[PDB]
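*Asks:* Sending over structure09.cif (mmCIF, C-alpha atoms and all ligand atoms).
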data_upload
loop_
_atom_site.label_atom_id
_atom_site.label_comp_id
_atom_site.auth_asym_id
_atom_site.auth_seq_id
_atom_site.Cartn_x
_atom_site.Cartn_y
_atom_site.Cartn_z
CA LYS A 3 8.93 -8.61 18.38
CA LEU A 4 10.03 -8.52 14.78
CA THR A 5 11.87 -11.08 12.77
CA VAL A 6 13.68 -10.55 9.48
CA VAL A 7 12.98 -12.91 6.59
CA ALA A 8 16.14 -13.43 4.53
CA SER A 9 15.65 -16.09 1.90
CA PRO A 10 18.81 -16.95 0.02
CA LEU A 11 16.60 -17.43 -3.05
CA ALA A 12 14.91 -14.04 -3.34
CA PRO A 13 16.81 -10.84 -4.24
CA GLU A 14 19.16 -9.87 -1.42
CA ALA A 15 17.93 -6.91 0.63
CA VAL A 16 21.08 -4.80 0.30
CA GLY A 17 19.96 -1.50 1.80
CA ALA A 18 17.78 -0.32 4.60
CA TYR A 19 15.29 -3.08 3.80
CA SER A 20 14.35 -6.67 4.40
CA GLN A 21 12.59 -9.06 2.08
CA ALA A 22 9.92 -9.36 4.80
CA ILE A 23 9.18 -8.81 8.44
CA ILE A 24 7.25 -11.17 10.60
CA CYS A 25 5.18 -9.49 13.35
CA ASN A 26 2.18 -10.58 15.44
CA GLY A 27 1.73 -13.65 13.30
CA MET A 28 1.87 -11.84 10.01
CA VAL A 29 4.47 -11.61 7.31
CA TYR A 30 4.90 -8.26 5.63
CA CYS A 31 6.77 -8.68 2.36
CA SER A 32 8.68 -6.01 0.57
CA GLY A 33 7.83 -5.01 -2.99
CA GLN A 34 9.47 -7.61 -5.14
CA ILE A 35 10.70 -6.67 -8.56
CA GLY A 36 11.71 -9.22 -11.13
CA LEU A 37 15.33 -9.64 -10.33
CA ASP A 38 17.11 -12.94 -10.08
CA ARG A 39 19.07 -13.25 -6.84
CA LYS A 40 21.52 -15.37 -8.78
CA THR A 41 22.24 -12.55 -11.27
CA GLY A 42 21.30 -9.39 -9.32
CA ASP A 43 19.66 -8.56 -12.69
CA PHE A 44 16.21 -8.88 -14.15
CA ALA A 45 15.14 -12.36 -15.11
CA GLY A 46 14.46 -10.72 -18.48
CA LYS A 47 13.31 -7.68 -20.42
CA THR A 48 9.64 -8.75 -20.84
CA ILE A 49 6.61 -8.35 -18.59
CA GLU A 50 6.24 -12.11 -18.85
CA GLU A 51 9.69 -12.92 -17.46
CA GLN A 52 9.67 -10.21 -14.78
CA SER A 53 6.16 -11.13 -13.66
CA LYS A 54 7.04 -14.83 -13.27
CA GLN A 55 10.22 -13.86 -11.42
CA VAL A 56 8.37 -11.47 -9.20
CA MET A 57 5.86 -14.10 -8.27
CA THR A 58 8.67 -16.57 -7.75
CA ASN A 59 10.44 -14.07 -5.50
CA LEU A 60 7.36 -13.53 -3.38
CA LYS A 61 7.00 -17.27 -3.03
CA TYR A 62 10.62 -17.62 -1.93
CA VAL A 63 10.24 -14.90 0.65
CA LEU A 64 6.94 -16.22 1.94
CA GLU A 65 8.19 -19.73 2.15
CA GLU A 66 11.33 -18.65 4.00
CA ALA A 67 9.02 -16.80 6.41
CA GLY A 68 7.10 -19.95 7.37
CA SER A 69 4.17 -18.75 5.30
CA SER A 70 3.06 -19.72 1.80
CA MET A 71 1.22 -18.31 -1.18
CA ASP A 72 -1.99 -19.88 0.13
CA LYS A 73 -1.59 -17.73 3.22
CA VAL A 74 -1.30 -14.40 1.44
CA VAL A 75 -4.09 -12.21 2.76
CA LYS A 76 -3.35 -9.23 0.48
CA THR A 77 -1.19 -8.04 -2.44
CA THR A 78 -0.50 -4.77 -4.11
CA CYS A 79 0.53 -5.13 -7.74
CA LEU A 80 2.32 -2.25 -9.41
CA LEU A 81 2.95 -1.99 -13.13
CA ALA A 82 5.25 0.15 -15.26
CA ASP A 83 2.53 0.08 -17.91
CA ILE A 84 -1.24 -0.32 -17.36
CA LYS A 85 -1.22 -2.11 -20.73
CA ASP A 86 0.57 -5.08 -19.05
CA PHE A 87 -2.30 -5.86 -16.63
CA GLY A 88 -3.87 -8.90 -18.30
CA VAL A 89 -0.55 -10.65 -18.99
CA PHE A 90 0.62 -9.92 -15.50
CA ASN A 91 -2.75 -11.01 -14.31
CA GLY A 92 -2.60 -14.40 -16.07
CA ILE A 93 0.74 -15.02 -14.42
CA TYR A 94 -0.29 -13.79 -11.05
CA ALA A 95 -3.32 -16.11 -11.25
CA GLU A 96 -1.11 -19.08 -12.14
CA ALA A 97 1.27 -18.30 -9.27
CA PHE A 98 -1.63 -18.21 -6.76
CA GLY A 99 -3.58 -21.15 -8.16
CA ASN A 100 -6.85 -21.45 -6.25
CA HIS A 101 -5.92 -18.83 -3.71
CA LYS A 102 -7.34 -15.43 -4.37
CA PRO A 103 -5.96 -12.81 -1.93
CA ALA A 104 -7.28 -9.28 -1.65
CA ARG A 105 -5.46 -7.11 -4.11
CA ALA A 106 -4.84 -3.52 -5.13
CA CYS A 107 -3.59 -2.81 -8.66
CA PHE A 108 -2.31 0.28 -10.46
CA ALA A 109 0.31 1.57 -12.88
CA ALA A 110 3.13 3.62 -11.28
CA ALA A 111 4.81 6.47 -13.09
CA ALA A 112 7.96 4.28 -12.98
CA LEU A 113 9.43 1.54 -10.73
CA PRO A 114 12.88 0.95 -9.23
CA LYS A 115 15.54 -0.04 -11.76
CA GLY A 116 13.20 0.52 -14.69
CA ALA A 117 11.31 -2.55 -13.45
CA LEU A 118 8.16 -3.49 -15.33
CA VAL A 119 6.40 -4.87 -12.30
CA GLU A 120 6.50 -4.89 -8.56
CA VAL A 121 4.38 -6.96 -6.15
CA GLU A 122 4.20 -6.64 -2.35
CA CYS A 123 1.98 -8.57 0.03
CA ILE A 124 0.79 -9.29 3.55
CA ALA A 125 0.49 -12.97 4.47
CA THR A 126 -0.13 -15.00 7.60
CA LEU A 127 1.85 -17.64 9.44
CA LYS B 3 -10.49 -0.55 19.25
CA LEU B 4 -8.94 2.22 17.22
CA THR B 5 -6.80 4.78 18.98
CA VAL B 6 -5.87 8.01 17.16
CA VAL B 7 -2.28 9.19 17.12
CA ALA B 8 -1.92 12.98 17.14
CA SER B 9 1.70 14.09 17.47
CA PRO B 10 2.11 17.82 17.91
CA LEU B 11 5.45 17.58 16.06
CA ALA B 12 4.18 15.88 12.94
CA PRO B 13 2.18 17.91 10.42
CA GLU B 14 -1.37 18.27 11.70
CA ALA B 15 -4.19 16.04 10.54
CA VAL B 16 -6.46 18.79 9.23
CA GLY B 17 -8.65 16.46 7.23
CA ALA B 18 -10.65 13.27 7.25
CA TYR B 19 -7.43 11.48 8.27
CA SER B 20 -5.43 10.68 11.38
CA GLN B 21 -1.60 10.76 11.39
CA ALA B 22 -1.74 7.17 12.60
CA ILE B 23 -4.20 4.63 14.01
CA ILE B 24 -3.24 2.05 16.60
CA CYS B 25 -5.12 -1.23 16.41
CA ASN B 26 -4.55 -4.76 17.71
CA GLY B 27 -0.95 -3.93 18.67
CA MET B 28 -0.04 -2.26 15.43
CA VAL B 29 0.41 1.33 14.29
CA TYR B 30 -0.91 2.23 10.82
CA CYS B 31 0.67 5.52 9.83
CA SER B 32 -0.57 7.73 7.10
CA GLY B 33 1.58 8.70 4.18
CA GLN B 34 3.72 11.53 5.45
CA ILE B 35 4.80 14.27 3.05
CA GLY B 36 7.72 16.56 3.65
CA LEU B 37 5.84 19.23 5.53
CA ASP B 38 7.47 20.81 8.54
CA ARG B 39 4.89 21.36 11.27
CA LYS B 40 7.16 24.22 12.41
CA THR B 41 7.09 26.05 9.03
CA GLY B 42 3.63 24.86 8.01
CA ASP B 43 5.18 24.23 4.60
CA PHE B 44 7.37 21.75 2.76
CA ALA B 45 10.74 21.56 4.53
CA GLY B 46 12.24 22.55 1.21
CA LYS B 47 11.74 22.19 -2.53
CA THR B 48 14.38 19.47 -2.89
CA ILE B 49 13.91 15.72 -2.75
CA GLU B 50 16.64 15.60 -0.09
CA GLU B 51 14.86 18.13 2.13
CA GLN B 52 11.43 16.68 1.81
CA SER B 53 12.75 13.21 2.46
CA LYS B 54 14.46 14.04 5.72
CA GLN B 55 11.34 15.81 6.86
CA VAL B 56 9.19 12.87 5.85
CA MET B 57 11.27 10.34 7.79
CA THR B 58 11.39 12.69 10.80
CA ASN B 59 7.68 13.14 10.58
CA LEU B 60 7.14 9.39 10.67
CA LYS B 61 9.47 9.22 13.62
CA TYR B 62 7.32 11.74 15.51
CA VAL B 63 4.15 9.87 14.66
CA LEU B 64 5.58 6.48 15.60
CA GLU B 65 6.98 7.54 18.96
CA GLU B 66 3.80 9.44 19.71
CA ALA B 67 1.92 6.19 19.09
CA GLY B 68 4.12 4.34 21.58
CA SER B 69 6.13 2.81 18.75
CA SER B 70 9.50 3.65 17.15
CA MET B 71 11.49 3.48 13.94
CA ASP B 72 13.01 0.23 15.19
CA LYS B 73 9.47 -1.25 15.41
CA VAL B 74 8.49 -0.38 11.83
CA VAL B 75 7.64 -3.64 10.00
CA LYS B 76 6.75 -2.22 6.61
CA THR B 77 6.95 1.06 4.69
CA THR B 78 5.81 2.18 1.25
CA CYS B 79 7.88 4.93 -0.32
CA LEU B 80 6.32 7.01 -3.06
CA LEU B 81 8.23 9.44 -5.25
CA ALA B 82 7.16 12.09 -7.79
CA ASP B 83 10.22 11.07 -9.75
CA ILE B 84 12.04 7.73 -9.91
CA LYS B 85 15.39 9.47 -10.55
CA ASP B 86 15.26 10.45 -6.89
CA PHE B 87 15.35 6.79 -5.87
CA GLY B 88 18.96 6.48 -4.68
CA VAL B 89 18.96 9.85 -2.95
CA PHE B 90 15.74 8.92 -1.31
CA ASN B 91 17.09 5.56 -0.14
CA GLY B 92 20.16 7.15 1.45
CA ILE B 93 18.10 9.55 3.50
CA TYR B 94 15.73 6.72 4.33
CA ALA B 95 18.53 4.41 5.54
CA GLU B 96 20.07 7.16 7.70
CA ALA B 97 16.70 7.53 9.37
CA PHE B 98 16.24 3.84 10.16
CA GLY B 99 19.85 3.07 11.01
CA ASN B 100 20.33 -0.66 11.65
CA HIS B 101 16.62 -1.40 11.34
CA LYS B 102 15.52 -2.85 8.07
CA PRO B 103 11.77 -2.73 7.54
CA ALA B 104 10.03 -4.40 4.63
CA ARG B 105 9.56 -1.97 1.81
CA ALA B 106 7.79 -1.15 -1.39
CA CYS B 107 8.99 1.71 -3.57
CA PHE B 108 7.58 3.35 -6.65
CA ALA B 109 7.13 6.58 -8.46
CA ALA B 110 3.63 8.00 -8.47
CA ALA B 111 2.37 10.24 -11.25
CA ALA B 112 2.02 12.86 -8.55
CA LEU B 113 1.57 13.39 -4.83
CA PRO B 114 -0.67 15.62 -2.89
CA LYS B 115 0.34 19.28 -2.77
CA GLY B 116 3.05 18.75 -5.44
CA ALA B 117 5.06 16.72 -2.90
CA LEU B 118 8.20 14.97 -4.23
CA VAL B 119 8.00 12.11 -1.82
CA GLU B 120 5.47 10.38 0.43
CA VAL B 121 6.08 7.57 2.92
CA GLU B 122 3.63 5.48 4.90
CA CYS B 123 4.23 2.55 7.26
CA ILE B 124 2.97 -0.05 9.58
CA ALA B 125 4.73 -0.70 12.86
CA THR B 126 4.24 -2.61 16.10
CA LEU B 127 4.11 -1.48 19.68
CA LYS C 3 -6.92 -18.96 8.65
CA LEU C 4 -8.32 -16.76 5.88
CA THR C 5 -11.93 -15.95 5.14
CA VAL C 6 -12.88 -14.80 1.66
CA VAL C 7 -15.31 -11.87 1.71
CA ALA C 8 -17.90 -11.82 -1.09
CA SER C 9 -20.65 -9.22 -0.95
CA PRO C 10 -23.25 -9.69 -3.65
CA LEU C 11 -23.58 -5.87 -3.59
CA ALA C 12 -19.90 -4.97 -4.25
CA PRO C 13 -18.52 -5.72 -7.72
CA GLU C 14 -17.98 -9.46 -8.20
CA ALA C 15 -14.46 -10.78 -7.51
CA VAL C 16 -14.05 -12.28 -10.98
CA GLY C 17 -10.50 -13.51 -11.47
CA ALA C 18 -7.68 -14.27 -9.07
CA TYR C 19 -8.72 -11.87 -6.23
CA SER C 20 -11.25 -11.59 -3.47
CA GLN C 21 -13.00 -8.37 -2.51
CA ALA C 22 -11.45 -8.71 0.90
CA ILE C 23 -9.79 -11.24 3.12
CA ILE C 24 -10.40 -11.66 6.82
CA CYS C 25 -7.36 -12.64 8.80
CA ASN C 26 -6.33 -12.57 12.42
CA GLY C 27 -9.02 -10.03 13.33
CA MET C 28 -8.44 -7.70 10.42
CA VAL C 29 -10.14 -7.21 7.10
CA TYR C 30 -7.85 -6.44 4.19
CA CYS C 31 -9.99 -5.10 1.33
CA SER C 32 -9.01 -4.98 -2.27
CA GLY C 33 -8.72 -1.74 -4.14
CA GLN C 34 -12.28 -0.91 -5.14
CA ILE C 35 -13.15 0.91 -8.36
CA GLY C 36 -16.38 2.82 -9.00
CA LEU C 37 -18.19 -0.10 -10.61
CA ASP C 38 -21.85 -0.49 -9.88
CA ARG C 39 -22.57 -4.22 -9.47
CA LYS C 40 -26.19 -3.46 -10.59
CA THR C 41 -25.21 -1.85 -13.91
CA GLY C 42 -22.13 -3.98 -14.48
CA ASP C 43 -20.16 -0.81 -15.26
CA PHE C 44 -18.74 2.36 -13.84
CA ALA C 45 -21.33 4.29 -11.83
CA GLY C 46 -20.20 7.19 -13.94
CA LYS C 47 -17.55 8.81 -16.07
CA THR C 48 -16.65 11.46 -13.53
CA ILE C 49 -14.61 11.48 -10.41
CA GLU C 50 -17.63 12.37 -8.31
CA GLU C 51 -19.81 9.41 -9.31
CA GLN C 52 -16.94 6.95 -9.27
CA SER C 53 -15.67 8.18 -5.98
CA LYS C 54 -19.16 7.81 -4.50
CA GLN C 55 -19.43 4.34 -6.00
CA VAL C 56 -15.99 3.42 -4.68
CA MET C 57 -16.90 4.42 -1.12
CA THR C 58 -20.21 2.52 -1.43
CA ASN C 59 -18.46 -0.55 -2.66
CA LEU C 60 -16.07 -0.56 0.29
CA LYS C 61 -18.87 -0.22 2.82
CA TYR C 62 -20.40 -3.30 1.26
CA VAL C 63 -17.21 -5.34 1.52
CA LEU C 64 -16.44 -4.18 5.02
CA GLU C 65 -20.06 -4.80 6.13
CA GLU C 66 -20.03 -8.20 4.46
CA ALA C 67 -16.78 -8.90 6.35
CA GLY C 68 -18.46 -8.04 9.62
CA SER C 69 -16.65 -4.66 9.72
CA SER C 70 -17.64 -1.09 8.92
CA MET C 71 -16.14 2.26 7.96
CA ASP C 72 -15.98 3.02 11.65
CA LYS C 73 -13.49 0.15 11.85
CA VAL C 74 -11.16 1.14 9.04
CA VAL C 75 -7.63 1.75 10.35
CA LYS C 76 -5.94 2.61 7.07
CA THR C 77 -6.92 3.48 3.49
CA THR C 78 -4.94 4.01 0.30
CA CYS C 79 -6.60 6.34 -2.13
CA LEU C 80 -5.39 6.37 -5.66
CA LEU C 81 -6.26 9.04 -8.21
CA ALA C 82 -5.88 8.86 -11.95
CA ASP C 83 -5.45 12.64 -11.72
CA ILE C 84 -3.95 14.43 -8.76
CA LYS C 85 -6.31 17.35 -9.28
CA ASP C 86 -9.33 15.33 -8.40
CA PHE C 87 -7.81 15.40 -4.91
CA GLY C 88 -10.04 18.11 -3.45
CA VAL C 89 -13.20 16.66 -4.92
CA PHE C 90 -12.45 13.11 -4.02
CA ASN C 91 -11.47 14.12 -0.56
CA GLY C 92 -14.84 15.66 0.26
CA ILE C 93 -16.52 12.49 -0.92
CA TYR C 94 -14.20 10.34 1.15
CA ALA C 95 -14.82 12.52 4.25
CA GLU C 96 -18.56 12.23 3.69
CA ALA C 97 -18.42 8.42 3.54
CA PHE C 98 -16.24 8.15 6.65
CA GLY C 99 -18.22 10.72 8.50
CA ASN C 100 -16.40 11.52 11.74
CA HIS C 101 -14.17 8.45 11.54
CA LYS C 102 -10.66 9.41 10.47
CA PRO C 103 -8.56 6.46 9.28
CA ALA C 104 -4.89 6.69 8.71
CA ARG C 105 -4.55 7.38 4.98
CA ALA C 106 -2.15 7.41 2.02
CA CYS C 107 -2.91 9.35 -1.19
CA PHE C 108 -1.38 9.51 -4.62
CA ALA C 109 -1.98 9.71 -8.30
CA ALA C 110 -1.22 6.54 -10.22
CA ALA C 111 -0.17 6.71 -13.82
CA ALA C 112 -3.26 4.60 -14.56
CA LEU C 113 -5.84 2.50 -12.78
CA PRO C 114 -7.61 -0.73 -13.76
CA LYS C 115 -10.09 -0.24 -16.63
CA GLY C 116 -9.38 3.54 -16.88
CA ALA C 117 -10.90 4.08 -13.42
CA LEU C 118 -10.49 7.60 -12.06
CA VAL C 119 -10.21 6.49 -8.44
CA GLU C 120 -9.35 3.35 -6.45
CA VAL C 121 -9.53 2.92 -2.69
CA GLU C 122 -8.28 0.01 -0.62
CA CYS C 123 -8.28 -0.37 3.11
CA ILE C 124 -7.56 -2.42 6.17
CA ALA C 125 -10.09 -2.52 8.99
CA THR C 126 -10.68 -4.30 12.26
CA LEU C 127 -13.50 -6.70 12.94
CL CL A 201 -21.61 3.83 6.97
#
Please go through the file and, once you have read it, give me the structure as structure tokens.
Ligand SMILES: [Cl-]
*Replies:*
Amino acid sequence: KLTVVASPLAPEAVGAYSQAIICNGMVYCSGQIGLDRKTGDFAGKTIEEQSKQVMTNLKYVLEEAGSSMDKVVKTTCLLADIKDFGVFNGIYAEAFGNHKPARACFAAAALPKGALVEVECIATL
Amino acid sequence: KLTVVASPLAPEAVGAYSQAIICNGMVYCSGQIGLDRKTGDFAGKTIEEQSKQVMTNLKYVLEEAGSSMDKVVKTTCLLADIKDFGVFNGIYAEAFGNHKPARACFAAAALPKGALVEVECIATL
Amino acid sequence: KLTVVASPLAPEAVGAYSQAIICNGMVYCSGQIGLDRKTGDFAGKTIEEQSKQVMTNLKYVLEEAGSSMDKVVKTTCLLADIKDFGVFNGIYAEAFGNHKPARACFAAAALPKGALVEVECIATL
């Protein structure tokens, strides 16, 4: 049995997607890019703004799901530019605090909407 | 307990891979590319054609596993070119209908066999 | 309830990630690169050495988790260069033996630290 996570705070899943799906006690979150739900646009043009927003979006989704950042078992972090890794990293760290989920990281050729960064994750209830 | 999913409709797993593995109530499907088991080749040379074939392939694999498109919790959609994003999404949505899995989307530098699109997923039984 | 996996034989999880996380009967392992913990650097400058070191590293994590390659349900294998596919593949197959996980494959634009190959997986306990 599957349950859709629709936070009113994270970017609205307008297509054939959902922000996340809860199943068998896990929350599977879509790949957040750095949009602001309130604008339907990027929080800003920099890796710094989009990374914060992305991490904020994941938080929103997770929290709507009944999960939390502390319960994220695994992320995949995708970058427009490998050169943005450390800055993204610093922000990712800050967003996760003491919690250190498993992680996969790479640079994509490009990301949806010319996005500089995308983060997905699997978390637990 | 891992159970191997081998659908005779989906491209054959001639490798060190299985089409999908079932474990603890969940189906972990490999990244499908647009190969048509019937032609033994890419369904066509077009993003549109490969995409259909990819989604259909996943369908075969899922149903073979005892799952279905409606029970897909999460997909990752990989493109050789980001400009194919909207066209991809349309063909994607048609395939899933009213079901809205979680999703992550990006453009890879390249895909195996020159493939224009690759899609993987996790689903439940 | 999440268990942090830390093998002293896989590359140290230095920064806001853990080699792997155990949750609800599954082990979600970070994307490994071909670092040799013993040398503090890439096993080698070629795909072959790094791929070997990547598959070694994963064994370590998985084993440390209480898992094993046998128990991997799904891997993601990421190439810096799509043409290392053949060569990598044979290495991967060797490490996994007769076990055939679900799999996804692609070439990233770039990988952490100029790595030529990264492999993540999920496995059962
Ligand atoms: Cl082994």
*Asks:* For residue 13 in chain C, list every protein, DNA or RNA residue within 10 Å, evaluated using all atoms listed in the file, and leave out those in the same chain fewer than 4 positions away; present the list as a list in words.
*Replies:*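 The contact residues come out as residues 8, 9, 21, 34, 35, 36, 37, 38, 39, 40, 41, 42, 43, 56, 59, 60, 62 and 63 of chain C.
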*Asks:* Quick one: which chain C residues come within 8 Å of ligand CL 201 (chain A), and what is the nearest atom pair for each with the distance in Å to one decimal, counting all atoms listed in the file, rows ordered by chain and ascending number, as JSON lines?
*Replies:*
{"residue": "C:61", "atom": "CA", "partner": "A:CL201", "partner_atom": "CL", "distance": 6.4}
{"residue": "C:70", "atom": "CA", "partner": "A:CL201", "partner_atom": "CL", "distance": 6.6}
{"residue": "C:71", "atom": "CA", "partner": "A:CL201", "partner_atom": "CL", "distance": 5.8}
{"residue": "C:72", "atom": "CA", "partner": "A:CL201", "partner_atom": "CL", "distance": 7.4}
{"residue": "C:97", "atom": "CA", "partner": "A:CL201", "partner_atom": "CL", "distance": 6.6}
{"residue": "C:98", "atom": "CA", "partner": "A:CL201", "partner_atom": "CL", "distance": 6.9}
{"residue": "C:99", "atom": "CA", "partner": "A:CL201", "partner_atom": "CL", "distance": 7.8}
*Asks:* Can you measure CA of residue 22 in chain B to CA of residue 119 in chain A for me? One decimal in Å is fine.
*Replies:*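 Separating CA of residue 22 in chain B from CA of residue 119 in chain A is a distance of 28.8 Å.
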*Asks:* Report the distance between CA of residue 19 in chain C and CA of residue 127 in chain A in Å, rounded to one decimal place.
*Replies:* 19.8 Å
*Asks:* Please, what distance in Å, to one decimal, runs between CA of residue 15 in chain C and CA of residue 84 in chain A?
*Replies:*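 Between CA of residue 15 in chain C and CA of residue 84 in chain A the gap is 19.5 Å.
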*Asks:* Quick one: everything within 6 Å of residue 110 in chain B, counting only C-alpha atoms, minus sequence neighbours fewer than 3 positions away in the same chain. Send it as number ranges by chain.
*Replies:* A: 110-111; B: 81-82; C: 109-110
*Asks:* Could you check which of C:85, C:55, C:124, C:101 is closest to residue 25 in chain C, using only C-alpha atoms?
*Replies:* C:124
*Asks:* With a distance threshold of 6 Å and counting only C-alpha atoms, extract the residues of chain C near chain B and express them as a compact mmCIF listing (two decimals) with C-alpha atoms, in the frame of the given file.
*Replies:*
# COMPACT_ATOMS: atom_id res chain seq x y z
CA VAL C 75 -7.63 1.75 10.35
CA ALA C 95 -14.82 12.52 4.25
CA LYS C 102 -10.66 9.41 10.47
CA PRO C 103 -8.56 6.46 9.28
CA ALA C 104 -4.89 6.69 8.71
CA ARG C 105 -4.55 7.38 4.98
CA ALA C 106 -2.15 7.41 2.02
CA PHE C 108 -1.38 9.51 -4.62
CA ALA C 109 -1.98 9.71 -8.30
CA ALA C 110 -1.22 6.54 -10.22
CA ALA C 111 -0.17 6.71 -13.82
*Asks:* Which residue, A:11, A:94, A:83, A:118, has the smallest gap to residue 64 in chain A when you use all atoms listed in the file?
*Replies:*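 Smallest distance to residue 64 in chain A is found for A:11.
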*Asks:* Hey, could you patch up range 12-25 of chain C with N, CA, C and O atoms and hand it over as a PDB file, in the frame of the given file?
*Replies:*
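To be explicit, this is the file written out as result.pdb:
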ATOM      1  N   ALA C  12     -21.125  -5.531  -3.673  1.00  0.00           N
ATOM      2  CA  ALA C  12     -19.900  -4.970  -4.250  1.00  0.00           C
ATOM      3  C   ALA C  12     -19.663  -5.713  -5.544  1.00  0.00           C
ATOM      4  O   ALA C  12     -20.170  -6.826  -5.709  1.00  0.00           O
ATOM      5  N   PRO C  13     -18.927  -5.095  -6.473  1.00  0.00           N
ATOM      6  CA  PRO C  13     -18.520  -5.720  -7.720  1.00  0.00           C
ATOM      7  C   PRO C  13     -17.917  -7.119  -7.507  1.00  0.00           C
ATOM      8  O   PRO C  13     -17.063  -7.320  -6.647  1.00  0.00           O
ATOM      9  N   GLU C  14     -18.382  -8.068  -8.305  1.00  0.00           N
ATOM     10  CA  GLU C  14     -17.980  -9.460  -8.200  1.00  0.00           C
ATOM     11  C   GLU C  14     -16.460  -9.636  -8.371  1.00  0.00           C
ATOM     12  O   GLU C  14     -15.841  -9.000  -9.223  1.00  0.00           O
ATOM     13  N   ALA C  15     -15.886 -10.486  -7.520  1.00  0.00           N
ATOM     14  CA  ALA C  15     -14.460 -10.780  -7.510  1.00  0.00           C
ATOM     15  C   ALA C  15     -14.172 -11.858  -8.562  1.00  0.00           C
ATOM     16  O   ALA C  15     -13.987 -13.054  -8.252  1.00  0.00           O
ATOM     17  N   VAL C  16     -14.142 -11.398  -9.809  1.00  0.00           N
ATOM     18  CA  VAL C  16     -14.050 -12.280 -10.980  1.00  0.00           C
ATOM     19  C   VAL C  16     -12.615 -12.311 -11.493  1.00  0.00           C
ATOM     20  O   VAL C  16     -12.137 -11.361 -12.141  1.00  0.00           O
ATOM     21  N   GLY C  17     -11.925 -13.400 -11.182  1.00  0.00           N
ATOM     22  CA  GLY C  17     -10.500 -13.510 -11.470  1.00  0.00           C
ATOM     23  C   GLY C  17      -9.786 -13.732 -10.176  1.00  0.00           C
ATOM     24  O   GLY C  17     -10.440 -13.816  -9.133  1.00  0.00           O
ATOM     25  N   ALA C  18      -8.456 -13.786 -10.218  1.00  0.00           N
ATOM     26  CA  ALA C  18      -7.680 -14.270  -9.070  1.00  0.00           C
ATOM     27  C   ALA C  18      -7.521 -13.238  -7.904  1.00  0.00           C
ATOM     28  O   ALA C  18      -6.404 -12.976  -7.441  1.00  0.00           O
ATOM     29  N   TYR C  19      -8.651 -12.687  -7.447  1.00  0.00           N
ATOM     30  CA  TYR C  19      -8.720 -11.870  -6.230  1.00  0.00           C
ATOM     31  C   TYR C  19     -10.037 -12.041  -5.515  1.00  0.00           C
ATOM     32  O   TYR C  19     -11.014 -12.564  -6.061  1.00  0.00           O
ATOM     33  N   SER C  20     -10.058 -11.588  -4.278  1.00  0.00           N
ATOM     34  CA  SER C  20     -11.250 -11.590  -3.470  1.00  0.00           C
ATOM     35  C   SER C  20     -11.455 -10.169  -3.045  1.00  0.00           C
ATOM     36  O   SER C  20     -10.484  -9.473  -2.787  1.00  0.00           O
ATOM     37  N   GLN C  21     -12.705  -9.739  -2.943  1.00  0.00           N
ATOM     38  CA  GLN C  21     -13.000  -8.370  -2.510  1.00  0.00           C
ATOM     39  C   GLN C  21     -12.231  -7.977  -1.270  1.00  0.00           C
ATOM     40  O   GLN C  21     -11.784  -6.845  -1.134  1.00  0.00           O
ATOM     41  N   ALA C  22     -12.124  -8.925  -0.350  1.00  0.00           N
ATOM     42  CA  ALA C  22     -11.450  -8.710   0.900  1.00  0.00           C
ATOM     43  C   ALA C  22     -11.094 -10.045   1.531  1.00  0.00           C
ATOM     44  O   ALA C  22     -11.694 -11.057   1.253  1.00  0.00           O
ATOM     45  N   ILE C  23     -10.109 -10.041   2.398  1.00  0.00           N
ATOM     46  CA  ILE C  23      -9.790 -11.240   3.120  1.00  0.00           C
ATOM     47  C   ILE C  23      -9.836 -10.925   4.613  1.00  0.00           C
ATOM     48  O   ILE C  23      -9.296  -9.899   5.061  1.00  0.00           O
ATOM     49  N   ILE C  24     -10.490 -11.788   5.387  1.00  0.00           N
ATOM     50  CA  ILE C  24     -10.400 -11.660   6.820  1.00  0.00           C
ATOM     51  C   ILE C  24      -9.236 -12.490   7.309  1.00  0.00           C
ATOM     52  O   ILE C  24      -9.137 -13.678   6.995  1.00  0.00           O
ATOM     53  N   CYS C  25      -8.366 -11.880   8.106  1.00  0.00           N
ATOM     54  CA  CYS C  25      -7.360 -12.640   8.800  1.00  0.00           C
ATOM     55  C   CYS C  25      -6.992 -12.045  10.145  1.00  0.00           C
ATOM     56  O   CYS C  25      -6.932 -10.815  10.327  1.00  0.00           O
TER      57      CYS C  25
END
